[PDB]
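Visitor: Take this structure, written in structure tokens, and hold onto it; I'll ask about it next.
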Amino acid sequence: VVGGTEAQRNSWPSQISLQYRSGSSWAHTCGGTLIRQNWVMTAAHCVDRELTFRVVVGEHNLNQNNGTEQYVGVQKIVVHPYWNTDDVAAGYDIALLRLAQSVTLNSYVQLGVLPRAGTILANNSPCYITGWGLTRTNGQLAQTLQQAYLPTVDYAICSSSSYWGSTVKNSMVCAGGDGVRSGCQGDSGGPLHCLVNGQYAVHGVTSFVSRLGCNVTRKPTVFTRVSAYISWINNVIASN
Ligand SMILES: *C(=O)c1c(Cl)cccc1NC(=O)[C@@H](NC(=O)OC(C)(C)C)C(C)C
Ligand SMILES: [Ca+2]
Numbered sequence: 011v012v013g014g015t016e017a018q019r020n021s022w023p024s025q026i027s028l029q030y031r032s033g034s035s036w037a038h039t040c041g042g043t044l045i046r047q048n049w050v051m052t053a054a055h056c057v058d059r060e061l062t063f064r065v066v067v068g069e070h071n072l073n074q075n076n077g078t079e080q081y082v083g084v085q086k087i088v089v090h091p092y093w094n095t096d097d098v099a100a101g102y103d104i105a106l107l108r109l110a111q112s113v114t115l116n117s118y119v120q121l122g123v124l125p126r127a128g129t130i131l132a133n134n135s136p137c138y139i140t141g142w143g144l145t146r147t148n149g150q151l152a153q154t155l156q157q158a159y160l161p162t163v164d165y166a167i168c169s170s171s172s173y174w175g176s177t178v179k180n181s182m183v184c185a186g187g188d189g190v191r192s193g194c195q196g197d198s199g200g201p202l203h204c205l206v207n208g209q210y211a212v213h214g215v216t217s218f219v220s221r222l223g224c225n226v227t228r229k230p231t232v233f234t235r236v237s238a239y240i241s242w243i244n245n246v247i248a249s250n
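FYI, the numbering for the sequence shown is 11 to 250, going by my numbering.
As structure tokens, then:
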């Protein structure tokens, strides 16, 4: 997150870190949302490589023992059947990870609340992006979970030429674009938390930014609109 602030330790407890076994270490690659004690929603792009993946729930500081962490194997990965690796702009940037164990819910580890199917937000809707990804374009990962206020930019504005044009579909959410605050490499797969009837719900899954750079004026961070996927999501869960 570019232009963030250090989150309080307990503000976002459906945040996970998506990690890969890197030599004899584990490295942070992505974000996620714990949506069941045994199911994590992430980007398809985050599980494109054939790597060994684990999830960490209760994470605050990537480099230090918080005493809250739970470390869990990925058992199964189901990417959306229309995801294409070479077309992120075609959307379907969603995966559902079944973990090896169920996690224990406490004040640090809670389920994300997902939108009702088909819910769109009004432009300029109040939303936060969370993550441990780069804190500058071409910069470095954060050690602590950062959060940025990133209002939504409605489709009609977002899909306009001056914004993203046709790169953005209506199965996506666009949020931000101020030139100062954004998602960046490493936040991908994570939550866009939006305040709806007094409750934060996960409306985004962080998918992409502009190749010019992460914080670019009139290039919002682009998210997979979760509310376009709720039957899919429940259909995977019911059946696996
Ligand atoms: C998200 O996929 C993403 C965004 Cl939101 C903007 C720019 C690039 C990417 N790429 C990624 O996040 C890649 N992850 C990555 O580089 O993770 C770190 C920085 C931790 C090494 C994915 C392809 C995994
Ligand atoms: Ca830690």
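For each residue, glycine too, the CB sits at the ideal point set by N, CA and C.
Is it true that the stretch 106-125 meets the stretch 181-192, where meeting means three or more beta-carbon pairs spaced less than 8 Å apart?
Guide: These segments do not touch.
Visitor: Say the cut is 7 Å; is the CB of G143 nearer than that to a heavy atom of ligand 1?
Guide: Translated into the one-based positions of the sequence shown, residue 143 becomes position 133. Checking every heavy atom of ligand 1 against the Cβ of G143, one is found closer than 7 Å.
Visitor: With DSSP as the reference, label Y210 as helix, strand or coil.
Guide: On the sequence shown, position 200 is the one that residue 210 refers to. In the structure shown, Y210 sits in a strand (DSSP, three-state: E or B).
Visitor: Flag this pair as yes or no: are the beta carbons of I104 and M51 separated by less than 8 Å?
Guide: Against the sequence shown, residue 104 aligns to sequence position 94. Against the sequence shown, residue 51 aligns to sequence position 41. Closer than 8 Å, so yes.
Visitor: Starting from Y81 and walking both ways along the beta strand (DSSP E), at which residues does that stretch end?
Guide: Taking the sequence shown and counting its residues from 1, one reaches residue 81 at position 71. Residues 80-89.
Visitor: Examine the Cβ distances between the stretch 66-78 and the stretch 19-28 and report whether three or more of them are shorter than 8 Å.
Guide: Enough Cβ pairs lie closer than 8 Å, so yes.
Visitor: With distances taken Cα to Cα, identify the nearest neighbour of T62 among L205, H38, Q47, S181.
Guide: Taking the first residue of the sequence shown as 1, we reach residue 62 at position 52. Of the listed residues, the one whose Cα sits closest to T62 is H38.
Visitor: Leaving out the 5 sequence neighbours to the left and right, which residues in its chain are closer than 8 Å to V82 when beta-carbon positions are compared?
Guide: Translated into positions along the sequence shown, residue 82 becomes position 72. Cβ neighbours of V82 beyond the five flanking positions: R64, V65, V66, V67, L109, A110, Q111, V113.
Visitor: Hey, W49 and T140: beta-carbon distance below 8 Å or not?
Guide: Here residue 49 is taken as the residue at index 39 of the sequence shown, counted from 1. Here residue 140 is taken as the residue at index 130 of the sequence shown, counted from 1. Cβ atoms of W49 and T140: not closer than 8 Å.
Visitor: Taking the alpha carbon of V215 as the point to measure from, which residue in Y165, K229, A238 has its own alpha carbon closest?
Guide: Counting from 1 along the sequence shown, the entry for residue 215 is found at position 205. For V215, the nearest C-alpha among the options comes from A238.
Visitor: Please work out which residues of its chain come closer than 7 Å, Cβ to Cβ, to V226, disregarding the five sequence neighbours upstream and downstream, and give them in chain order.
Guide: For the purposes of this step, residue 226 is taken as residue 216 along the sequence shown, with counting starting at 1. Cβ within range, chain order: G189, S220.
Visitor: CB of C137 to nearest heavy atom of ligand 1: below 7 Å?
Guide: What you label residue 137 is simply residue 127 of the sequence shown in a count that begins at 1. Checking the Cβ of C137 against ligand 1 gives no.
Visitor: For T177, does the three-state DSSP call read helix, strand or coil?
Guide: By one-based count along the sequence shown, residue 177 stands at place 167. DSSP places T177 in helix when its eight states are reduced to three.
Visitor: Under 8 Å, with one C-beta from each stretch per pair, do the stretch 140-149 and the stretch 197-214 reach the 3-pair mark?
Guide: At 8 Å Cβ cutoff, the stretches touch.
Visitor: Grouping DSSP H, G and I as helix and E and B as strand, with all else coil, what is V246?
Guide: As a first step, residue 246 is located in the sequence shown; it is residue number 236 there, counting from the start. Residue state, collapsed to three classes: helix.
Visitor: Please state whether the Cβ-Cβ distance between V119 and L72 is less than 8 Å.
Guide: As a working mapping, residue 119 is identified with position 109 in the sequence shown. As a working mapping, residue 72 is identified with position 62 in the sequence shown. It is not a contact, given that the beta carbons lie outside the stated cut-off.
Visitor: Would you please state the rounded distance, in angstroms, between the beta carbons of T231 and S192? I believe it to be under 8 Å.
Guide: One-based indexing of the sequence shown puts residue 231 at position 221. One-based indexing of the sequence shown puts residue 192 at position 182. The pair is a contact, with the Cβ atoms about 5 Å apart (cut-off 8 Å).
Visitor: Taking only runs that begin and end inside the stretch 39-77, name each unbroken alpha helix (DSSP H) of 4 or more residues, in chain order.
Guide: Runs of the alpha helix (DSSP H) inside the stretch 39-77: none found.
Visitor: Less than 8 Å separating the beta-carbons of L124 and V236?
Guide: Here residue 124 refers to the residue found at position 114 of the sequence shown. Here residue 236 refers to the residue found at position 226 of the sequence shown. Yes, they are a contact pair.
Visitor: Only counting runs of 3 or more residues, tell me where the beta strand (DSSP E) segments fall wholly within the stretch 104-152, in order along the chain.
Guide: Taking only runs of at least 3 residues, the beta strand (DSSP E) segments lying wholly in the stretch 104-152 are 105-109, 137-141.
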